[PDB]
Each structure stands twice: as C-alpha cells, then as structure tokens.
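Worksheet: the structure to be examined is printed underneath.
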Amino acid sequence: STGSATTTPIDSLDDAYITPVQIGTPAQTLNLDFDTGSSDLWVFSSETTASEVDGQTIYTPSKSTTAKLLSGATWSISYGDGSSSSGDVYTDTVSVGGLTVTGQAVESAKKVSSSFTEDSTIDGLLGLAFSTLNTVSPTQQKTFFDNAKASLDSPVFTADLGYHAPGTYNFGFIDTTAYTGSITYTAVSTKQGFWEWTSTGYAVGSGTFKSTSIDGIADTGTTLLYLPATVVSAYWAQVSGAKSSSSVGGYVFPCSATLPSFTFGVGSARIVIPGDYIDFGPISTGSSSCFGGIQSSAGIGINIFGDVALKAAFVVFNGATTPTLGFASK
C-alpha cells in the first residue's frame with residue numbers, strides 16, 4: 001500500500017504545516033501537525049476541557065463505530081516550547097491520503113496548554129519519530145508509520161514541505177519526479193528516539209564550505225533551524241544590523257534586509273536554504289525588526305533541522321531494519 005497527502009502552511013510565514021487525517025467511522029477529518037520529532041498521535045476531542053477549545057475541530061469517539069477505549073491508558077506530553085497536553089486513549093481507524101491503519105492509538109486530549117488553544121488551525125499532532133518516545137502509559141503505543149510499515153510497498157515516508165506553499169507527505173514510495181539530482185542517504189541513530197543524523201558542515205551565502213560534524217534531528221514539527229551558537233553567529237554576522245535579542249528570545253534583523261542563503265552538508269551533497277526562507281517577519285505587528293529563521297540550539301541540548309531546513313529538500317525517512325535519512329535538492 002501507499003498513501004499521499006497534501007500538507008499546507010497554517011499561515012503566511014510557514015509557522016507550521018497541517019495535513020488532513022481521517023479518524024473513525026464515519027470519518028472525522030482533523031488537520032494534524034505531522035511531527036517527526038515526537039511519537040504521539042493526539043487530538044482535540046469531545047473530552048477536551050471546553051475553555052481550552054477555541055476553533056479547533058474535535059474528534060468525538062462516541063460518534064465513531066470503530067472507536068474503542070483503551071482501558072486504563074493515559075498520556076501526557078511536554079514539548080520543547082513549553083507547551084503540553086494530556087488525556088486518555090482510544091484505538092480507531094486512521095487514514096492518511098488513502099493509507100489506512102486499523103487499531104491506531106488515538107490519544108484524546110482532556111487538557112491542552114494555552115499555545116494549543118490559541119492556535120485554531122492545529123487540531124492535534126501526528127508523531128513520526130520512533131515509537132520508543134510514545135508517552136502512553138502503562139502500555140506504550142506505536143506511531144502511525146510503525147503500524148503501517150509492514151503493509152507499505154517500501155518501509156519509508158517522505159516529507160516535501162513547501163516554501164509559502166503546500167507540499168506533500170508520501171507513505172510507502174519515493175516520487176522520483178519530486179526532486180532533482182539524486183538522493184543522498186546518511187546514517188541515523190535512534191538512540192534518543194529521533195531521526196538523528198550528522199551534517200557534514202555549512203556555508204553562509206556564497207562563502208566557503210566549512211567541514212564540521214553537526215549532530216542533529218530532522219524534525220518537521222519544529223519551525224526553525226537550531227544550530228550551534230558558533231554557526232548561528234557566523235550566519236547573522238553577514239546581515240547588517242542583526243543581533244541576538246535577549247528580550248525577544250533570539251536573533252532579530254532589520255526587515256529591510258535581503259538575507260543570505262545557508263547551505264548544509266549531507267555527506268558530500270549540499271542543500272541550499274534560500275535567504276528568504278530564513279525571514280519570519282516582524283517580531284510584533286508593525287515592527288521593522290524581524291525574527292530570524294536560524295537560531296542557537298545552546299540550551300536545547302540538541303541541534304534541530306526544522307522546517308526552515310527541511311523545506312529546502314526532499315527528505316526520505318527510511319524505516320528499513322537499519323533506518324537512514326535521505327536528502328535531495330528540489
């Protein structure tokens with residue numbers, strides 16, 4: 001089997017991407033944030049505290065003839081941005097772009113933190129990191145990809161995120177028309193539960209490539225590109241007036257700037273992030289100070305190749321016996 005679904009930016013800055021997901025019988029369609037940095041499929045639901053729902057579409061398991069309460073199971077998750085959610089668990093039929101899993105754990109939110117409530121465009125998350133990170137207790141549950149894998153034509157999914165435009169998530173096949181050149185594959189460590197790999201270096205704009213190993217994760221659920229402070233300083237030093245703002249919480253730059261590109265290494269291959277991809281707009285409405293798309297990972301504890309990086313590439317999440325990651329230009 002295979003599946004293919006369009007993923008769409010939630011707003012004009014690509015702050016996140018949503019992909020429609022069918023849950024239950026009859027289908028209830030929710031727009032989920034596909035997240036290769038976590039491993040829980042959770043949804044706003046009929047069980048979510050009423051005051052914490054503000055415009056999201058909810059899953060109502062009582063209206064699904066295939067929903068079953070997973071007795072005694074609970075979940076609770078906290079993300080790197082300080083947000084969180086928790087609740088109970090059902091199993092139900094879940095389909096993505098024509099690909100169907102029966103008995104998928106659907107984690108129903110009883111509580112969500114304010115940032116989720118305040119974002120009416122995201123109805124939940126669909127985790128695509130390794131199932132070892134799944135938070136369901138006392139019986140850990142598998143991700144959608146883990147459940148589908150054996151049935152897929154090939155044990156892979158691909159992320160092809162757009163810049164200020166829709167893109168595609170495919171399951172079970174590689175669309176050879178969706179990228180240029182070849183796909184360069186690189187080793188993955190699953191030891192921390194992530195799609196963790198090592199970039200071979202970077203360049204800023206038209207500058208020389210610096211060969212240096214940068215360990216990080218391929219994370220579709222993180223908006224920006226988080227790299228070591230040395231690398232980030234080298235990038236922003238090329239932008240007149242850019243500076244790290246303690247009060248804003250990262251590098252900002254004059255909105256009047258044209259940004260340089262940023263290149264990252266994948267083995268001997270090179271992925272070029274155009275400068276415009278690194279502009280995240282005014283820090284507040286009407287401001288001429290703009291938020292940077294490349295930020296320091298110092299204090300995160302890991303480097304994160306988020307959407308800023310991934311959207312410059314066609315990315316293969318290869319779930320073979322020994323997982324790997326593939327990157328191609330597009």
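Every residue, every condition in (1) part of a loop (DSSP other than H, G, I, E, B); (2) surrounded by 16 or more Cβ atoms within 10 Å (Cβ to Cβ); (3) touching a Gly at 6+ places or on another chain (Cβ under 6 Å), yes or no:
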position	(1), (2), (3)
15	yes, yes, no
18	no, yes, no
22	no, yes, no
25	yes, no, no
32	no, yes, yes
| What do you reckon, is residue 65 more than 24 Å from the chain's Cα centre (by Cα), assigned to a loop (DSSP other than H, G, I, E, B) and among the β-branched types (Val, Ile, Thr)? | yes
- Would you be able to say whether some residue in the range 38-50 is assigned to a helix (DSSP H, G or I) and among the acidic types (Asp, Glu)? no
Of the residues in the range 131-160 that are in a strand (DSSP E or B) and among the hydroxyl-bearing types (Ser, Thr, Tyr), the one that is nearest to the chain's Cα centre (by Cα) is 158
Of the residues in the range 161-220, those that are more than 28 Å from residue 12 (Cβ to Cβ), among the hydroxyl-bearing types (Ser, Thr, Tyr) and part of a strand (DSSP E or B) come to 184, 185, 186, 189, 198, 199, 200, 211, 212, 213
Within the range 223-250, the residues that are within 17 Å of residue 264 (Cα to Cα), out of contact with any helix residue (DSSP H, G or I) (no Cβ under 6 Å at 6 or more places or on another chain) and not in a strand (DSSP E or B) are 228, 229, 230, 231, 232, 233, 234, 235, 236, 238
Of those in the range 68-113 that are small (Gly, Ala, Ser), under 20 Å from the mean Cα position of the chain (by Cα) and outside any strand (DSSP E or B), the residue farthest from residue 50 (Cα to Cα) is 97
A careful count of residues in the range 52-71 that are in contact (Cβ under 8 Å) with a residue 24 or more places away in the chain, among the small types (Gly, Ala, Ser) and exposed (fewer than 13 other Cβ atoms within 10 Å of the Cβ) gives 1
When every residue in the range 163-179 that is over 21 Å from residue 197 (Cβ atoms) and among the hydroxyl-bearing types (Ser, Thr, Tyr) is compared, the one surrounded by the fewest Cβ atoms within 10 Å (Cβ to Cβ) is 177
Taking first residues from the range 124-151 that are within 18 Å of residue 325 (Cα to Cα) and second residues anywhere that are basic (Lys, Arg), the pairs with Cβ under 7 Å that are 6 or more apart or on different chains are 131/142
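When we count neighbours, we look across all protein chains shown, and the Cβ atoms used for this are built from the backbone with ideal geometry, even at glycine. Taken together, the values in this text are just the output of simple stated rules run on the coordinates, not laboratory data.
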